[PDB]
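Heads up: the structure comes next, in structure tokens.
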Amino acid sequence: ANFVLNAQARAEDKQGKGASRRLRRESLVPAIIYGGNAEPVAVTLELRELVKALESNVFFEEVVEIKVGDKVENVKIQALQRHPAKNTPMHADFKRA
Amino acid sequence: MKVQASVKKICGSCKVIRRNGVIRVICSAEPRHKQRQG
Amino acid sequence: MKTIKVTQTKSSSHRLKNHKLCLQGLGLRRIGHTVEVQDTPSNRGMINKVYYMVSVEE
Amino acid sequence: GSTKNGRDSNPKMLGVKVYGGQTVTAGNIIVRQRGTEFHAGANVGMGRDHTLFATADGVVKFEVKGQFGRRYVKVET
Amino acid sequence: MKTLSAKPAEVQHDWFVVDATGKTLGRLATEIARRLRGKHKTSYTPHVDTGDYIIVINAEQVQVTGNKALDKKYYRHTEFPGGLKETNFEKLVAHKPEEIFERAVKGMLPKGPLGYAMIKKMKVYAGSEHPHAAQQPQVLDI
Amino acid sequence: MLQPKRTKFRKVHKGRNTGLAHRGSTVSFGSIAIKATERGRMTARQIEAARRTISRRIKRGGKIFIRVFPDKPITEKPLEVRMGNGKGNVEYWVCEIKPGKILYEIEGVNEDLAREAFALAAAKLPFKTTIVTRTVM
RNA sequence: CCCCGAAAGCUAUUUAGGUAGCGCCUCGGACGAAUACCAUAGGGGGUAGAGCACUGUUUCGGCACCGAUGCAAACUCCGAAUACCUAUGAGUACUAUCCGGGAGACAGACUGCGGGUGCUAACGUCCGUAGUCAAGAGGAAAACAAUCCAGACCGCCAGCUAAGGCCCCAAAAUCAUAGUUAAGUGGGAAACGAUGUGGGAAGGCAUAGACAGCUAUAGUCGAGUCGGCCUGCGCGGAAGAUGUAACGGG
Ligand SMILES: [Zn+2]
């Protein structure tokens with residue numbers, strides 16, 4: 001309800017160090033969703049949306065809806081990786097709620 | 001006039017301008033706050 | 001058995017010894033020279049090792 | 001002044017001499033080691049200086065075995 | 001010998017007059033140098049002079065861009081110690097525009113006897129009138 | 001002047017400073033922290049000067065946490081000496097700083113005073129700095 | 001006149017600019033794929049990185065211990081890519097090994113990568129590894145052994161290209177499209193300062209009238225404007241002696 005992050009599909013050709021660096025140059029953040037009853041799903045998110053969500057404190061406790069096409073996944077933010085110096089978000093781990 | 005690489009505003013009566021490529025600080029009330037260059 | 005054309009595009013004078021030997025094993029002998037070789041993993045390895053100075057026509 | 005260092009010992013050329021999958025003959029040395037980094041299995045003997053040698057003709061094989069988890073070298077005929 | 005060189009005796013030099021009002025000095029000087037050297041003729045020979053006579057009028061109206069009018073410096077050294085003399089574009093154009101054009105063109109012309117001979121075919125005058133009516137120059141827009 | 005109480009070896013190799021600081025980049029002992037953004041070397045006297053400036057300007061109204069300690073000795077030949085004849089003697093101690101390394105944290109003081117004090121401290125350091133705060137994730 | 005073609009290393013020496021054995025060159029005989037490149041299969045590791053389980057070291061707390069946090073060539077619970085060894089195989093290369101006749105050489109240099117020493121100085125010095133010079137011309141970098149491109153059997157007033165370039169000196173576009181700069185920046189130089197100008201995201205306020213000023217919180221004024229963050233290109237900081245001399249010149 002509060003947060004609906006719009007995600008895309010991140011495939012094998014888009015996985016890897018080179019693909020990740022290209023995506024971050026295009027201002028996109030790779031992310032993974034892992035939870036019970038299904039295998040992990042790799043997705044891509046928008047840096048501006050992720051940064052806006054991260055500011056709010058309730059983002060960490062409330063459930064979030066990740067929309068990829070018609071599919072909607074209800075998850076909670078599990079982990080975040082930040083650049084040591086610049087502090088920009090780089091990767092996110094979500095756990096199904 | 002003080003000539004220095006770091007010229008900054010001192011009080012509320014100061015103003016920073018650029019004359020012919022030179023940065024200057026001019027103060028209305030105080031004639032000693034005049035700064036040049038930097 | 002399919003075949004592939006391979007043309008040498010740059011010089012080999014100051015390259016690594018294994019790269020020169022890969023050229024020799026493929027049969028290239030000078031700039032602009034083109035050869036026809038069998039399409040096998042053994043030849044593909046040599047081609048990939050010297051990709052930067054060859055052109056492959058499939 | 002001067003320096004009190006500047007000494008070193010001659011090399012001893014230690015290490016493995018025959019690798020796994022290779023063929024050996026009886027008497028061939030397989031491992032030169034200061035201690036028992038590797039232990040002997042079937043058809044492998046140990047010398048006074050902890051050297052491991054082959055007592056039979058065959059193929060060398062390395063493995064990890066035992067509660068201790070120590071490494072063994074053996075020869076398969 | 002199937003390729004032939006131009007014969008100096010057979011060369012013909014044509015006269016043209018150019019007006020410098022409002023034009024840019026360097027972009028005019030390049031074309032003047034081309035025509036003086038004769039790069040525009042199919043009979044061009046490096047060791048022969050096949051160019052044309054170029055008169056320049058209103059030379060003191062030549063223009064430069066930016067702040068070059070004030071900041072472009074012309075130097076010259078008398079061989080005496082400490083004898084370096086300096087001037088700038090505005091004063092030099094006011095006093096001797098002929099020198100301005102001479103410097104601009106000699107810089108772009110070859111250095112040697114042939115270059116010295118080639119630069120003689122340029123006549124520069126500050127006014128709108130020239131004394132070469134007898135040669136019947138034609139108007140050239142460059 | 002921070003210096004290790006004891007050491008196994010008196011003299012160490014020069015080495016090379018590369019990589020980023022994935023450890024020590026998180027505020028963990030206070031509220032507001034100053035963090036380096038490039039790499040370099042920080043000396044004990046520089047550490048002491050920065051700490052003294054910060055403490056003086058905050059007027060001992062909060063707690064300062066120091067997260068840099070100099071443990072790498074540095075040697076220099078005395079003077080007027082030719083090359084050779086062994087390594088030199090120790091003259092001072094330093095700490096390697098990688099980008100992202102946190103240098104000082106402050107707890108118990110207000111953001112304005114802490115930031116202004118960090119601004120004073122930055123004028124003494126030999127590398128660029130930035131200001132960070134505690135965060136959830 | 002024709003063919004091939006090195007080395008400046010290891011070991012020892014009253015030895016250090018000498019010499020001897022080995023390594024590198026050449027010729028003859030014997031012997032021939034037993035060789036090399038690549039693919040697949042099998043095999044050991046303790047380096048890069050990382051970590052605190054041993055050794056040592058560091059800070060903050062609660063009772064020599066416990067919680068948190070950081071470091072290491074001579075620390076390791078861990079651990080690559082490469083490199084090295086063995087077997088099988090396609091293709092392409094007279095390869096690999098042995099016996100003998102003749103040598104030269106044992107003062108190297110620069111550059112890139114991993115390091116010790118030095119000041120993370122030296123066209124400095126000492127190792128490993130690859131390229132060039134040495135013993136190699138041609139084109140480019142103005143001039144410039146060691147950089148880039150490229151390996152000169154002889155002749156041609158024929159053509160296509162590499163590095164690098166197309167306004168003139170001087171061969172080739174004053175070519176085409178969309179932007180940035182105003183400093184001749186381009187075409188030397190930092191911490192730091194402040195305004196220039198382009199792009200991006202966010203936030204405060206507003207004709208129930210903000211913002212700069214002027215008049216007694218008001219309003220005779222009529223719509224934008226106040227303050228910040230991330231980025232492209234520019235500005236100051238910038239002093240030396242022979243003569244412009246820090247785009248080769250115009
Ligand atoms: Zn003032």
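For the structure tokens, the naming scheme is as follows: chains receive sequential letters (A, B, ...) according to their order of presentation, residues are indexed from 1 within each chain, and ligands are indexed from 1 in presentation order.
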
Ligand 1: which residues are within 10 Å, counting only C-alpha atoms (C1' of nucleotides) and all ligand atoms, as a PyMOL selection string?
-> chain B and resi 8-15+25-35

Would you give me, as a PDB file with N, CA, C and O atoms, in the first residue's frame, the residues of chain A that come within 12 Å of chain G, using only C-alpha atoms (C1' of nucleotides)?
```pdb
ATOM      1  N   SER A  27      21.760   3.863 -14.520  1.00  0.00           N
ATOM      2  CA  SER A  27      21.028   4.340 -13.345  1.00  0.00           C
ATOM      3  C   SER A  27      19.969   3.346 -12.881  1.00  0.00           C
ATOM      4  O   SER A  27      18.884   3.742 -12.446  1.00  0.00           O
ATOM      5  N   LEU A  47      16.907   3.770  -9.520  1.00  0.00           N
ATOM      6  CA  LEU A  47      17.689   4.347  -8.433  1.00  0.00           C
ATOM      7  C   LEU A  47      16.914   5.442  -7.712  1.00  0.00           C
ATOM      8  O   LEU A  47      16.969   5.538  -6.482  1.00  0.00           O
ATOM      9  N   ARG A  48      16.202   6.290  -8.457  1.00  0.00           N
ATOM     10  CA  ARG A  48      15.458   7.370  -7.817  1.00  0.00           C
ATOM     11  C   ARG A  48      14.368   6.822  -6.900  1.00  0.00           C
ATOM     12  O   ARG A  48      14.202   7.298  -5.770  1.00  0.00           O
ATOM     13  N   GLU A  49      13.628   5.813  -7.361  1.00  0.00           N
ATOM     14  CA  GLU A  49      12.590   5.217  -6.526  1.00  0.00           C
ATOM     15  C   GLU A  49      13.193   4.572  -5.286  1.00  0.00           C
ATOM     16  O   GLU A  49      12.672   4.729  -4.173  1.00  0.00           O
ATOM     17  N   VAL A  51      16.036   5.291  -3.775  1.00  0.00           N
ATOM     18  CA  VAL A  51      16.541   6.322  -2.874  1.00  0.00           C
ATOM     19  C   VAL A  51      15.390   6.996  -2.140  1.00  0.00           C
ATOM     20  O   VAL A  51      15.474   7.258  -0.934  1.00  0.00           O
ATOM     21  N   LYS A  52      14.300   7.296  -2.850  1.00  0.00           N
ATOM     22  CA  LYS A  52      13.155   7.919  -2.193  1.00  0.00           C
ATOM     23  C   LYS A  52      12.577   7.002  -1.123  1.00  0.00           C
ATOM     24  O   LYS A  52      12.267   7.450  -0.014  1.00  0.00           O
ATOM     25  N   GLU A  55      14.633   6.751   2.288  1.00  0.00           N
ATOM     26  CA  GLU A  55      14.580   7.861   3.236  1.00  0.00           C
ATOM     27  C   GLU A  55      13.560   7.594   4.336  1.00  0.00           C
ATOM     28  O   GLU A  55      13.824   7.840   5.518  1.00  0.00           O
ATOM     29  N   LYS A  86      30.990   6.717  -1.975  1.00  0.00           N
ATOM     30  CA  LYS A  86      29.951   7.586  -2.523  1.00  0.00           C
ATOM     31  C   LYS A  86      28.622   7.404  -1.797  1.00  0.00           C
ATOM     32  O   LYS A  86      27.807   8.333  -1.749  1.00  0.00           O
ATOM     33  N   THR A  88      26.135   5.427  -2.596  1.00  0.00           N
ATOM     34  CA  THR A  88      24.986   5.124  -3.436  1.00  0.00           C
ATOM     35  C   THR A  88      24.554   3.670  -3.239  1.00  0.00           C
ATOM     36  O   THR A  88      25.403   2.785  -3.093  1.00  0.00           O
TER      37      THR A  88
END
```

Could the residues of chain G within 9 Å of chain D, counting only C-alpha atoms (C1' of nucleotides), be given as number ranges by chain, please?
-> G: 42-44, 85-87

Given the selection you just returned, output its residues as a file containing N, CA and C atoms (P, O5', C5', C4', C3', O3' and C1' of nucleotides), formatted as a PDB file, in the first residue's frame.
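Wrote selection.pdb, looks like this:
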```pdb
ATOM      1  P     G G  42      38.110 -34.419 -14.770  1.00  0.00           P
ATOM      2  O5'   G G  42      39.509 -34.939 -14.213  1.00  0.00           O
ATOM      3  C5'   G G  42      39.661 -36.287 -13.795  1.00  0.00           C
ATOM      4  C4'   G G  42      41.100 -36.637 -13.508  1.00  0.00           C
ATOM      5  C3'   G G  42      41.784 -35.853 -12.401  1.00  0.00           C
ATOM      6  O3'   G G  42      41.432 -36.288 -11.098  1.00  0.00           O
ATOM      7  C1'   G G  42      43.228 -36.009 -14.260  1.00  0.00           C
ATOM      8  P     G G  43      41.387 -35.236  -9.884  1.00  0.00           P
ATOM      9  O5'   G G  43      42.902 -34.771  -9.711  1.00  0.00           O
ATOM     10  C5'   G G  43      43.898 -35.688  -9.287  1.00  0.00           C
ATOM     11  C4'   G G  43      45.235 -35.021  -9.082  1.00  0.00           C
ATOM     12  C3'   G G  43      45.231 -33.744  -8.261  1.00  0.00           C
ATOM     13  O3'   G G  43      45.173 -33.987  -6.865  1.00  0.00           O
ATOM     14  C1'   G G  43      46.629 -33.489 -10.168  1.00  0.00           C
ATOM     15  P     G G  44      44.625 -32.855  -5.865  1.00  0.00           P
ATOM     16  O5'   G G  44      45.939 -32.102  -5.370  1.00  0.00           O
ATOM     17  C5'   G G  44      46.896 -32.750  -4.545  1.00  0.00           C
ATOM     18  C4'   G G  44      48.149 -31.921  -4.406  1.00  0.00           C
ATOM     19  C3'   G G  44      47.943 -30.489  -3.933  1.00  0.00           C
ATOM     20  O3'   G G  44      47.844 -30.386  -2.525  1.00  0.00           O
ATOM     21  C1'   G G  44      49.335 -30.490  -5.840  1.00  0.00           C
ATOM     22  P     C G  85      55.434 -27.964 -17.466  1.00  0.00           P
ATOM     23  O5'   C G  85      54.929 -29.243 -16.666  1.00  0.00           O
ATOM     24  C5'   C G  85      55.789 -29.928 -15.769  1.00  0.00           C
ATOM     25  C4'   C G  85      55.123 -31.151 -15.191  1.00  0.00           C
ATOM     26  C3'   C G  85      54.510 -32.115 -16.195  1.00  0.00           C
ATOM     27  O3'   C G  85      55.467 -32.983 -16.777  1.00  0.00           O
ATOM     28  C1'   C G  85      52.977 -31.721 -14.434  1.00  0.00           C
ATOM     29  P     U G  86      55.219 -33.614 -18.233  1.00  0.00           P
ATOM     30  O5'   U G  86      54.013 -34.631 -18.018  1.00  0.00           O
ATOM     31  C5'   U G  86      54.205 -35.850 -17.317  1.00  0.00           C
ATOM     32  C4'   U G  86      52.920 -36.628 -17.185  1.00  0.00           C
ATOM     33  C3'   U G  86      52.219 -36.997 -18.482  1.00  0.00           C
ATOM     34  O3'   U G  86      52.786 -38.126 -19.125  1.00  0.00           O
ATOM     35  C1'   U G  86      50.639 -36.131 -16.955  1.00  0.00           C
ATOM     36  P     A G  87      52.666 -38.288 -20.720  1.00  0.00           P
ATOM     37  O5'   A G  87      51.148 -38.709 -20.959  1.00  0.00           O
ATOM     38  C5'   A G  87      50.685 -40.010 -20.622  1.00  0.00           C
ATOM     39  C4'   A G  87      49.209 -40.164 -20.894  1.00  0.00           C
ATOM     40  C3'   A G  87      48.771 -39.938 -22.334  1.00  0.00           C
ATOM     41  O3'   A G  87      48.966 -41.081 -23.149  1.00  0.00           O
ATOM     42  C1'   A G  87      47.331 -38.757 -20.872  1.00  0.00           C
TER      43        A G  87
END
```

Mind checking which residues fall within 8 Å of residue 30 (chain A), counting only C-alpha atoms (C1' of nucleotides), ignoring those fewer than 2 positions away in the same chain, and posting them as number ranges by chain?
-> A: 10, 20, 23, 28, 32, 42-45, 90-92

Quick one: contact table of chain B to chain G, 9 Å max, nearest atom pair and distance in Å to one decimal per residue, counting only C-alpha atoms (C1' of nucleotides), chain and number order, as a tab-separated table?
```
residue	atom	partner	partner_atom	distance
B:4	CA	G:237	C1'	8.7
B:5	CA	G:237	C1'	5.7
B:6	CA	G:193	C1'	4.9
B:7	CA	G:193	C1'	6.3
B:8	CA	G:193	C1'	7.6
B:16	CA	G:194	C1'	8.2
B:17	CA	G:195	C1'	7.9
B:18	CA	G:195	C1'	7.4
B:21	CA	G:235	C1'	7.3
B:22	CA	G:236	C1'	7.3
B:23	CA	G:194	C1'	7.3
B:37	CA	G:236	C1'	6.2
B:38	CA	G:236	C1'	4.5
```

Compile the contact shell of region 18-33 of chain C as an MDAnalysis selection string: residues with an atom at most 10 Å away, counting only C-alpha atoms (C1' of nucleotides), same-chain residues fewer than 3 positions apart removed.
-> (chainID C and resid 6:15 36:38 43:51 53:55) or (chainID G and resid 36:38 91:93)

Report as a VMD selection string the set of chain E residues whose atoms approach chain G to within 9 Å, with distances computed over only C-alpha atoms (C1' of nucleotides).
-> chain E and resid 1 to 3 26 to 27 29 to 31 33 to 34 66 to 68 73 to 77 79 81 to 84 86 103 to 111

Please produce a file of those selected residues containing N, CA and C atoms, as a tab-separated table (two decimals), in the first residue's frame.
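part_16.tsv, written as the output of this step:
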```tsv
chain	number	residue	atom	x	y	z
E	1	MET	N	59.16	10.54	-69.12
E	1	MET	CA	59.01	12.02	-69.04
E	1	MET	C	57.58	12.43	-69.39
E	2	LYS	N	56.66	11.47	-69.41
E	2	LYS	CA	55.30	11.76	-69.86
E	2	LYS	C	54.64	12.81	-68.97
E	3	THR	N	55.06	12.92	-67.72
E	3	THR	CA	54.63	14.02	-66.87
E	3	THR	C	55.54	15.22	-67.08
E	26	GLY	N	42.83	35.74	-41.12
E	26	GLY	CA	43.44	34.46	-41.44
E	26	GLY	C	42.74	33.73	-42.56
E	27	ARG	N	41.41	33.76	-42.57
E	27	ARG	CA	40.66	33.04	-43.59
E	27	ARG	C	40.81	33.72	-44.95
E	29	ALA	N	43.77	35.31	-45.65
E	29	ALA	CA	45.18	35.09	-45.96
E	29	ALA	C	45.41	33.71	-46.54
E	30	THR	N	44.65	32.71	-46.09
E	30	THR	CA	44.81	31.37	-46.66
E	30	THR	C	44.53	31.37	-48.16
E	31	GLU	N	43.42	31.99	-48.57
E	31	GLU	CA	43.08	32.05	-49.99
E	31	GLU	C	44.11	32.87	-50.77
E	33	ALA	N	47.26	33.20	-50.08
E	33	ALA	CA	48.45	32.36	-50.23
E	33	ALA	C	48.24	31.30	-51.30
E	34	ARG	N	47.06	30.67	-51.32
E	34	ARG	CA	46.77	29.69	-52.36
E	34	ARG	C	46.96	30.30	-53.74
E	66	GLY	N	37.10	37.83	-31.01
E	66	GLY	CA	37.48	37.79	-29.61
E	66	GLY	C	38.07	39.11	-29.15
E	67	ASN	N	39.03	39.02	-28.23
E	67	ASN	CA	39.78	40.17	-27.75
E	67	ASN	C	41.13	40.32	-28.45
E	68	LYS	N	41.32	39.63	-29.57
E	68	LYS	CA	42.62	39.66	-30.24
E	68	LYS	C	43.01	41.08	-30.63
E	73	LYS	N	49.86	40.27	-29.95
E	73	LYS	CA	51.10	41.02	-29.82
E	73	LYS	C	52.04	40.70	-30.98
E	74	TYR	N	52.64	41.74	-31.55
E	74	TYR	CA	53.68	41.60	-32.55
E	74	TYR	C	55.01	42.02	-31.93
E	75	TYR	N	56.02	41.16	-32.07
E	75	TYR	CA	57.33	41.37	-31.47
E	75	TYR	C	58.36	41.59	-32.56
E	76	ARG	N	59.46	42.24	-32.19
E	76	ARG	CA	60.63	42.32	-33.05
E	76	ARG	C	61.85	42.66	-32.20
E	77	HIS	N	62.97	42.00	-32.49
E	77	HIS	CA	64.18	42.14	-31.71
E	77	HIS	C	65.26	42.82	-32.54
E	79	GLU	N	69.16	43.38	-32.61
E	79	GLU	CA	70.20	42.49	-32.13
E	79	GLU	C	71.04	43.09	-31.00
E	81	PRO	N	71.64	44.12	-27.02
E	81	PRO	CA	71.16	43.50	-25.78
E	81	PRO	C	69.94	44.22	-25.22
E	82	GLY	N	68.98	43.43	-24.75
E	82	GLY	CA	67.75	43.97	-24.21
E	82	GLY	C	66.87	44.68	-25.22
E	83	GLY	N	67.11	44.50	-26.51
E	83	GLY	CA	66.37	45.22	-27.53
E	83	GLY	C	65.17	44.47	-28.08
E	84	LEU	N	64.18	44.20	-27.23
E	84	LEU	CA	62.93	43.57	-27.66
E	84	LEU	C	61.83	44.63	-27.65
E	86	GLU	N	57.73	45.67	-28.73
E	86	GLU	CA	56.42	45.05	-28.75
E	86	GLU	C	55.35	46.04	-29.17
E	103	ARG	N	52.99	40.07	-42.77
E	103	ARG	CA	53.25	39.01	-41.80
E	103	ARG	C	52.32	37.83	-42.03
E	104	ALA	N	51.01	38.10	-42.16
E	104	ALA	CA	50.04	37.02	-42.28
E	104	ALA	C	50.35	36.14	-43.49
E	105	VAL	N	50.73	36.75	-44.61
E	105	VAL	CA	50.93	35.97	-45.83
E	105	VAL	C	52.30	35.30	-45.84
E	106	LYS	N	53.34	35.99	-45.37
E	106	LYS	CA	54.67	35.39	-45.36
E	106	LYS	C	54.72	34.20	-44.41
E	107	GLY	N	53.93	34.24	-43.33
E	107	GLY	CA	53.86	33.08	-42.46
E	107	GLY	C	53.33	31.85	-43.17
E	108	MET	N	52.39	32.04	-44.10
E	108	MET	CA	51.75	30.93	-44.80
E	108	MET	C	52.45	30.58	-46.12
E	109	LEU	N	53.40	31.39	-46.56
E	109	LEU	CA	54.13	31.12	-47.79
E	109	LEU	C	55.41	30.33	-47.52
E	110	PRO	N	55.94	29.63	-48.53
E	110	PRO	CA	57.20	28.90	-48.33
E	110	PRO	C	58.37	29.85	-48.11
E	111	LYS	N	59.40	29.33	-47.44
E	111	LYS	CA	60.56	30.12	-47.04
E	111	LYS	C	61.74	29.78	-47.95
```

Chain F residues within 10 Å of chain G, counting only C-alpha atoms (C1' of nucleotides): which ones, as a ChimeraX atom specification?
-> /F:3-9,12-17,23-24,28-29,65-72,76-77,83-84,86-87,95-96,123,126-128

List every residue of chain C that DSSP, applied to the backbone, labels as helix (DSSP H, G or I), and write the result as a PyMOL selection string.
-> chain C and resi 17-26+41-49+51-53

Can I get the selected residues back with N, CA, C and O atoms, as a CSV table (one decimal), in the first residue's frame?
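Done, and the output landed in selection10.csv:
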```
chain,number,residue,atom,x,y,z
C,17,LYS,N,54.6,-15.3,-27.7
C,17,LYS,CA,55.1,-16.5,-28.4
C,17,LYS,C,53.9,-17.5,-28.7
C,17,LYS,O,53.8,-18.0,-29.8
C,18,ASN,N,53.1,-17.7,-27.7
C,18,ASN,CA,51.9,-18.6,-27.9
C,18,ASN,C,51.0,-18.0,-29.0
C,18,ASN,O,50.4,-18.8,-29.8
C,19,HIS,N,50.8,-16.7,-29.0
C,19,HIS,CA,50.0,-16.1,-30.1
C,19,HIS,C,50.6,-16.3,-31.5
C,19,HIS,O,49.8,-16.7,-32.4
C,20,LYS,N,51.9,-16.1,-31.6
C,20,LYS,CA,52.5,-16.4,-32.9
C,20,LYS,C,52.3,-17.9,-33.3
C,20,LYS,O,52.1,-18.2,-34.4
C,21,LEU,N,52.5,-18.8,-32.3
C,21,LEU,CA,52.3,-20.2,-32.6
C,21,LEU,C,50.9,-20.6,-32.9
C,21,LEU,O,50.7,-21.5,-33.7
C,22,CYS,N,49.9,-19.9,-32.4
C,22,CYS,CA,48.5,-20.1,-32.8
C,22,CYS,C,48.3,-19.6,-34.2
C,22,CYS,O,47.6,-20.3,-35.0
C,23,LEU,N,48.9,-18.5,-34.6
C,23,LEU,CA,48.8,-18.1,-36.0
C,23,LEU,C,49.4,-19.2,-36.9
C,23,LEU,O,48.9,-19.6,-37.9
C,24,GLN,N,50.6,-19.7,-36.5
C,24,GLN,CA,51.3,-20.8,-37.3
C,24,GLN,C,50.4,-22.0,-37.4
C,24,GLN,O,50.3,-22.6,-38.4
C,25,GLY,N,49.8,-22.4,-36.3
C,25,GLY,CA,49.0,-23.6,-36.3
C,25,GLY,C,47.8,-23.5,-37.1
C,25,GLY,O,47.3,-24.4,-37.8
C,26,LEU,N,47.2,-22.3,-37.2
C,26,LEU,CA,46.1,-22.0,-38.1
C,26,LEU,C,46.5,-21.9,-39.5
C,26,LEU,O,45.7,-22.1,-40.4
C,41,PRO,N,36.4,-27.4,-32.0
C,41,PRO,CA,36.9,-26.7,-30.8
C,41,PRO,C,38.3,-26.4,-30.8
C,41,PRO,O,38.8,-25.4,-30.2
C,42,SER,N,39.2,-27.4,-31.3
C,42,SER,CA,40.6,-27.2,-31.2
C,42,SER,C,41.0,-26.0,-32.0
C,42,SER,O,41.9,-25.2,-31.6
C,43,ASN,N,40.5,-25.8,-33.2
C,43,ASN,CA,40.8,-24.6,-34.0
C,43,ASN,C,40.2,-23.3,-33.4
C,43,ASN,O,40.7,-22.2,-33.5
C,44,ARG,N,38.9,-23.5,-32.9
C,44,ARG,CA,38.3,-22.3,-32.3
C,44,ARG,C,39.0,-21.8,-31.1
C,44,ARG,O,39.0,-20.6,-30.9
C,45,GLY,N,39.7,-22.6,-30.3
C,45,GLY,CA,40.5,-22.1,-29.2
C,45,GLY,C,41.6,-21.2,-29.7
C,45,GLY,O,41.9,-20.1,-29.2
C,46,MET,N,42.3,-21.7,-30.8
C,46,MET,CA,43.4,-20.9,-31.3
C,46,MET,C,42.9,-19.5,-31.9
C,46,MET,O,43.5,-18.5,-31.7
C,47,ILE,N,41.7,-19.6,-32.6
C,47,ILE,CA,41.1,-18.4,-33.1
C,47,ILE,C,40.8,-17.4,-32.0
C,47,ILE,O,41.0,-16.2,-32.1
C,48,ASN,N,40.1,-17.9,-30.9
C,48,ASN,CA,39.7,-17.0,-29.8
C,48,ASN,C,40.9,-16.4,-29.1
C,48,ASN,O,40.9,-15.3,-28.7
C,49,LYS,N,42.0,-17.2,-29.0
C,49,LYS,CA,43.2,-16.7,-28.3
C,49,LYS,C,43.8,-15.5,-29.1
C,49,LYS,O,44.5,-14.6,-28.5
C,51,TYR,N,41.9,-13.5,-31.3
C,51,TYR,CA,40.7,-12.8,-31.8
C,51,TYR,C,41.1,-11.4,-32.3
C,51,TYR,O,40.5,-10.9,-33.3
C,52,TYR,N,42.0,-10.7,-31.5
C,52,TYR,CA,42.1,-9.3,-31.7
C,52,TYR,C,42.8,-8.9,-33.0
C,52,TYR,O,42.8,-7.8,-33.4
C,53,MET,N,43.5,-9.9,-33.7
C,53,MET,CA,44.2,-9.6,-34.9
C,53,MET,C,43.7,-10.5,-36.1
C,53,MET,O,44.4,-10.7,-37.1
```

Those in region 10-46 of chain D with strand (DSSP E or B) from DSSP, as an NGL selection string | :D and (15-16 or 23-24 or 29-32 or 38-40 or 44-46)

Can you write just those residues out, N, CA, C and O atoms, as a tab-separated table (two decimals), in the first residue's frame?
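Okay, result_24.tsv is ready:
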```tsv
chain	number	residue	atom	x	y	z
D	15	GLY	N	59.16	-30.54	-2.61
D	15	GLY	CA	57.85	-30.51	-3.24
D	15	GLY	C	57.49	-31.83	-3.89
D	15	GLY	O	58.21	-32.82	-3.81
D	16	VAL	N	56.33	-31.81	-4.56
D	16	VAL	CA	55.80	-33.00	-5.22
D	16	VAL	C	56.55	-33.23	-6.52
D	16	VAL	O	56.81	-32.29	-7.29
D	23	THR	N	52.05	-42.29	-14.18
D	23	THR	CA	52.52	-43.66	-14.01
D	23	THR	C	53.88	-43.66	-13.33
D	23	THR	O	54.71	-42.79	-13.60
D	24	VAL	N	54.10	-44.63	-12.45
D	24	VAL	CA	55.33	-44.73	-11.68
D	24	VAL	C	55.88	-46.15	-11.79
D	24	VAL	O	55.18	-47.08	-12.18
D	29	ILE	N	60.50	-41.72	-6.48
D	29	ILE	CA	60.13	-40.81	-5.39
D	29	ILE	C	58.95	-39.97	-5.84
D	29	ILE	O	58.92	-39.46	-6.96
D	30	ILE	N	57.96	-39.83	-4.96
D	30	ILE	CA	56.74	-39.11	-5.27
D	30	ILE	C	56.68	-37.76	-4.56
D	30	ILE	O	56.24	-36.77	-5.15
D	31	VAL	N	57.09	-37.70	-3.29
D	31	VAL	CA	57.01	-36.47	-2.50
D	31	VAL	C	58.31	-36.26	-1.75
D	31	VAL	O	58.82	-37.19	-1.10
D	32	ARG	N	58.85	-35.05	-1.83
D	32	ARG	CA	59.94	-34.59	-0.97
D	32	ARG	C	59.36	-33.57	0.00
D	32	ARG	O	58.88	-32.52	-0.42
D	38	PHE	N	52.06	-35.29	3.64
D	38	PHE	CA	51.33	-36.39	3.04
D	38	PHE	C	51.74	-37.69	3.72
D	38	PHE	O	52.90	-37.84	4.12
D	39	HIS	N	50.80	-38.62	3.84
D	39	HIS	CA	51.06	-39.92	4.43
D	39	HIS	C	50.97	-41.01	3.36
D	39	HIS	O	50.48	-40.78	2.25
D	40	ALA	N	51.47	-42.19	3.71
D	40	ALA	CA	51.59	-43.28	2.75
D	40	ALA	C	50.39	-44.22	2.84
D	40	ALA	O	49.96	-44.58	3.94
D	44	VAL	N	53.08	-47.64	-0.94
D	44	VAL	CA	53.92	-46.46	-0.75
D	44	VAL	C	54.68	-46.62	0.56
D	44	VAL	O	54.09	-46.95	1.60
D	45	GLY	N	55.99	-46.39	0.51
D	45	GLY	CA	56.86	-46.48	1.67
D	45	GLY	C	57.39	-45.12	2.06
D	45	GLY	O	57.40	-44.18	1.26
D	46	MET	N	57.82	-45.02	3.32
D	46	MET	CA	58.35	-43.78	3.89
D	46	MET	C	59.81	-43.97	4.25
D	46	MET	O	60.17	-44.96	4.89
```

Nearest-residue call for residue 40 (chain F), choices F:81, F:119, F:90, F:97, using only C-alpha atoms |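 Going through F:81, F:119, F:90, F:97 one by one, the smallest distance to residue 40 (chain F) is for F:97.
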